[PDB]
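Here the structure is laid out as structure tokens; the discussion comes afterwards.
Per-chain numbering from 1; labels A, B, C, D, E, F, G, H and I assigned in written order.
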């Protein structure tokens, strides 16, 4: 995520770590960033690491947590979450799968969904006490989201998280294998090449499955063959077949 | 669960036609069983005649019907749906008889009836008919046929079958009869059917409580057995 | 309610509440009275006023030299049914030069009104009708309802505030059979006045009358014509 | 009873789906037409020709008569549908009627077609509005506007689309009650608005002119830029 | 979801009801179709749920023409409808052109039919997927037609229960140079590999297209390949 | 709303399945009658350790169950 | 009970057509007066911008040389109803050569209006006044989406119908000259409806029995303007 | 509620619970009974009076099917009128086509199909009525058939419909209709109707009788009870 | 509900269902028509991926309407098949009337009007098919046209639809070539765009289906490319990327 990580360092870290420029520039600091990509592409990981380096506090609420079963509850949750963030010094607010409460609602109950997304937009728009307060949003497959939050005065930037490529697969396999007992004769590059279009999370999966193959055999070490049969379990996309593979949604 | 069963032309997430199985319930119609057996030169159907009240005329409450001098039909289902289905059977039999010059084969007639039931199954215009019909016939020098025809639009020929209140018991009893090697006479076939009905139902079976239709190669006329014949068979199996 | 959107849907009560709602729509219309004698059959309608400078709406229609109607319902449905009776009487006179018997006309009305009551997406005809006629078999007063039911009544009243008029007609039914035209028409006018509130009474504005007899073509008397019938009739004391 | 439909009314009584059609018109680009002393001129904006998108093909201006001309602002599919219908109607009227077409009749035709299409269940209204300019007003110019409600009105000068709020006021500011002498002056006036609406880029002014006796006339971008330069000289006077 | 109606798109542009039709497919009886070098073999399962059902009285492999064979994985009645339609369409092609209809043309016509059942608001598509084996101008053809109205070219494929097992099996154990007998052997092998329960003359039925003619193997031949072989 | 909410339920289950923090030894156990359904996100290798198939008892097994209970 | 006219309320009323009456209410106001001298109609244009041709909005029309009309409501299909009225007069007169009674013209328009649940759409959400003269009497008539229709002496429909109707009722009597009726109606329109009279938003059309020509008021308002 | 909303979908426990609602509507109506004597068929019906407003002998519920076919109904009255119309149409069709009078089995089965087919289609509803048809064929026998809202047609020696199905059947079961003839059958029918709630709670009603018998010529007529009112006297003697 | 039926707009006036149709298009196998002169081409790599798929037509993405007219597919399969057949009948109608080859824009209109007429009626589903046309006619000769589900049509010298459509059109705009950009350069640019848009390294010949129109003898010829030329073109682009590396 080096390109993505650099963009998010800029937009988040610079106002928090070096506000003076934005004072000298006079411009108000940017408020937040939306993160979009296929599920499992390190979005929460990136937000968590950014919060850790920036030394400010991490507060999380998934969009699905906002809904609730009663009217006037999402608004209360959002407002008191902003109160918590403000009370918690410099802080980044993280909201996973925000699309769950931001989507096509003009179809038409649904009332509280709007009364929640509008309330969140009101909290961020009024730049309420935004002295070192930032928000981070995460979405799977941006398209389902709506522009009401992306409108220029509102949240400012978007970052794309495409599925990891060969080099990214190399990193992620290395990082999640760093703790596992690996053996000479391993060829991890063949493994990364053999896993086209991974989402990153399933590479944590392939490491997990190679280790499970070691464990169920009571072996505390992993080899090339273990990972190679692991990847077979990690395919799981062979369950496509005739249905819609080349017809309809070809 | 709710939603894929409110209308007929809807596939479930697993692809299940809910309304087809749902119409399959009305086939129960507690009171009839329609056991049909094929023997070396005969085809026999017997249905259970559950009359709730005495004042009804016994002839009107019959459930066996004919569409050909050599074809017999029996019914298990909602009585009105029953009579509509057999009337469509008359319609098709008459049209085939006019068009081809000779009466419809039983396999083709089951095919036509199942075809119409499938037609109402595939299209939401009309409810599928909640009834199951069974046909007995003869085909030239080749054999007697027993055919079951269902609202799903499915149909098949059998050594024997029974769509009735004691479904699995009757079917397993007939399998047990056929999974042991034996011959098949007219009286032996009727005996197998009557023993099935009596054993699965466990009732003492006075004559008026059942109705028997039959066809036989030596006398290919479709006949409804008179009370005397059915009581003779009852005492034959009783002793 | 779950089972009250269309007449095609039965209720667990063994009822069709939409037909009853059509009955209530009929009850929304103003009261009308019908009564017959051995000499004449008369119907009278309470013409609802709209303002002091607008015509009081017509509620008695003429379709045949021996047949008349008084309506209580949505005016469109009643008047197009009136066109339907126009068609049938005209084609009957075409076919065999016969003034169409009232009973068979009313039966045809019921049969045609029955069709919407058993089909989806088509409103049953939300009007109640009183039909007056004289024919080769007798004098005739019928009532028809959106349930397609049709009845023969020696006296009848349909519409809002009708209960008092129906009771008055029940009392004077013992009279009407041998009553003369003048007696019958004045009793019908009083039957209508029974419906009204205390401050509302018979006047040329609110009253319309239609008469059929063994010696006169069914005629509707309105405005000036109503004046001689009301004059000489007893006023209302408190 | 909320809107949720085309043929139902909210308790207020207004058809909100017609409102949705007029907003669908509102999301379209600018379109401002006028009539002059003798001539009628038009210039469309927002070409936004993106490289391989050769601007000619989309045909922002269509002339469908021996002499009449307009496209439709909104969604262009219904625009081309009404284009085909206008072709058929104008040619058929010219063939069948003792005298050729007039602008009033064809505008009434478009309005009636839109109304008739709207007035039914399961039939989407044309969410398109248009400005029609024609010559045979007894040899005089006149301009009409058509609205998805199936409505037709007459204008001396009208604007619809993204500039409807702005350009109309512009017209209310400066449409001279003096009949426009030197109809090229009217062309300069309308080009001013047609440019100023879209950022006065000078690239999307795509323009047609008809002197109420002529056939279709078109203005190339350089010749339109001539009027643009004259308008710039007029605007530079404030010094 | 967007499944109670067929004539409306989902926000992701997915016709959901037809994928429910495809889910109805592969829930039915297993079937496998393979193109050999010379012939085309379609095998299907015909176990009777009880000894009551007469295995010699019903068939699932059907000759649409003397050079076309059809096999299916779905509920029977819809397959009967489409068999009737395909037979009439082939006969009408014969009447129009005075030529026996080639495999591809009949396949695209049946696909167009299955298409015309994919619209409107008061009907449903057929819940059946079809293998068409044919001979045309000396060339053998195998085609698959599916409820969406589309069709695919296969040298080998399978559907029904355990169909993914069939895809894997024909991926491993297949080459286009197969002789006819080895092709039928592969067909019964994949049928068993997808199958659960015993297999004999009464349990399986197969149909072979050869350029001279197509024919449905008798139960005895289905046993000869089925038993004492493999 | 029922459909959206059930989808949010399964997604929230997914986030909790991946979310529980290390050194906590909880085990999520899953029961199902069919398992030809079930979205391929529980079968993902990073969440599924073993898939154990519980058939209707056959001979031998039925004998064992009868003996044990009786 | 919201999908259409084919559903009845617990009180019987159809919850579709009352909305059509309220659709009358959203339209421009319209007035009509019946006098023994002549029958007159008035209408407000609501000219959105004077850059429009004020005559373009056909809120005042002539069905025929003896009969004129005004309407209030959605307007769009009101023109269709005027078309039906004109075809009715054309056909009936060309066939029978007897003049169409304005009562009969309104009856034919009503017969058209009864085509939303009575055969095999939606009610025409607009109301109309007709003013006509005939060999038996000069009359004015009123029409509403339900298809019912009534003879009236002084009628008002559209927006602000109630107040204009009250004033019109108070000024009316049975022996007025058409000049006094016109002046009273115009001053009422000025006080309650919009503003002082001008040629680009008000319209008047009047008809007399012996006059089959110029059933309109046009390019002569100046005398009123100085002498209203 | 479930899936019992129209008569084209099998509701849970496949019985539709719709045509059963039509039967519930049938139960609301007053009783009609029908007997077959040794050589004839008789029908006896009670009908409510609207009020003293009502004209005597109006909206009566006996109906003529054919010159020799008689009708008795219960349930929705107007649906019964429409059923009488279509039954007359069917009888006329057979009369015109075959050239001789229709056997009542065929006509009854065709009307049963009409009712049944009306039960299916989604745009329509099952009939809210059930009815008996009676006739005599001098060539071979007498005939009676009863039909429910579902379309089920059966024959009876004695049958009853209305608000007193089973009670009326208990009343009928102990008659000697096995050999008894119609002339006292009318008296027995009138007294049986008066036995089951003549005017106990419902104030007043009208009693109508229909007859088809060889002694009646085998045609359909309304029994002249004006003759000495013997059945009326017997039914009012039923007091105790 | 608004988006449940095709006849309902948004309160903003938009139509959701056609938008859903273009989102559906977003799935389709990547296919483009390239910018070229004195010739045209419409490359369409087949998204079908299984070694046991037989591709017996050698063409499932390009359909020849006439020897001077060809069209592609990007969307629903059965809808596309019936629509291409209908293209053939409409072209047959025009030819059988006039005995003259149809102009490109006229056929494009006729189809798009038919599609719009299907969409705007109720009880019917909009066609989820976007498609491209290459053709030569008397009025304008070489032409490439775009069409969407709503019945819209446009003229494009080079365009692409399917997966990564935005990326393909954007890079076509980045390395835009004009004028001397004849047919062979268009084949090279199509190779470049197919290599960039697809994830496959060393793009395989069977994955791609290519067609081109060239005016032979004034009678015109439309070729669907075989294996050999495809292999040559892709290998040449690989070694061209190697050459681009040689500059380093």
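The definition used in the following text is that a residue touches a chain if its C-beta (ideal position, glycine included) is under 8 Å from a C-beta of that chain, and two chains touch if they have at least 3 such contacts.
Q: Over the chains that touch one another, what is the least number of steps taking chain E to chain F?
A: The distance in steps between these two chains is 2.
Q: For the chain pairs B-E and A-I, which is connected through the larger number of C-beta pairs in contact?
A: By the number of C-beta pairs in contact, the winner is B-E.
Q: Can you check how far apart chain C and chain G are, centre to centre, with Cα atoms defining each centre and the answer in Å?
A: From the centre of chain C to the centre of chain G is 32 Å.
Q: With centres defined as the mean C-alpha position, give me the chain C-chain I separation in Å.
A: For chain C versus chain I, the centre distance works out to 72 Å.
Q: Please work out the Cα centroid separation of chain F and chain H, and write it as a whole number of Å.
A: Chain centroid spacing, chain F to chain H, equals 63 Å.
Q: What whole-number Å value describes the gap between the mean CA coordinates of chain A and chain D?
A: Taking the mean C-alpha position of each chain, the two centres sit 49 Å apart.
Q: Provide the list of chain F residues touching at least two other chains, using ranges where the numbers run on.
A: Within chain F, no residue touches at least two other chains.
Q: Indicate the residues of chain A shared as contacts by at least two other chains.
A: 104, 239, 246-249
Q: Tell me, which residues of chain D touch at least two other chains?
A: 5, 121 - these are the residues of chain D that touch more than one other chain.
Q: State the interface residues of chain B toward chain H in the complex, per the touch definition above.
A: Per the stated touch rule, the residues are 5-8, 19, 22-26, 28, 53-57, 59-61, 78-81, 83-84, 87, 124-127, 130.
Q: Under the touch definition given earlier, write down the residues of chain H that touch chain C in their complex.
A: So the residues of chain H in touch with chain C come to 1, 5-6, 18, 21-28, 50-59, 76-79, 81-82, 85, 118, 122-128.
Q: Spell out the part of chain F that touches chain A in their complex, as residue ranges.
A: 1, 5, 8, 11-12, 15, 18, 40, 43-47, 49
Q: If you look only at chain A, which of its residues touch chain F in the complex?
A: 62, 64-65, 67, 96-97, 100, 109-110, 201-202, 204-206, 208-209, 212, 230, 233-234, 236, 239
Q: Inside the complex, what are the residues of chain D that reach chain I?
A: Spelled out, the residues of chain D in touch with chain I are 4-6, 16-17, 19-27, 50-54, 56-58, 75-78, 80-81, 84, 121-124, 127.
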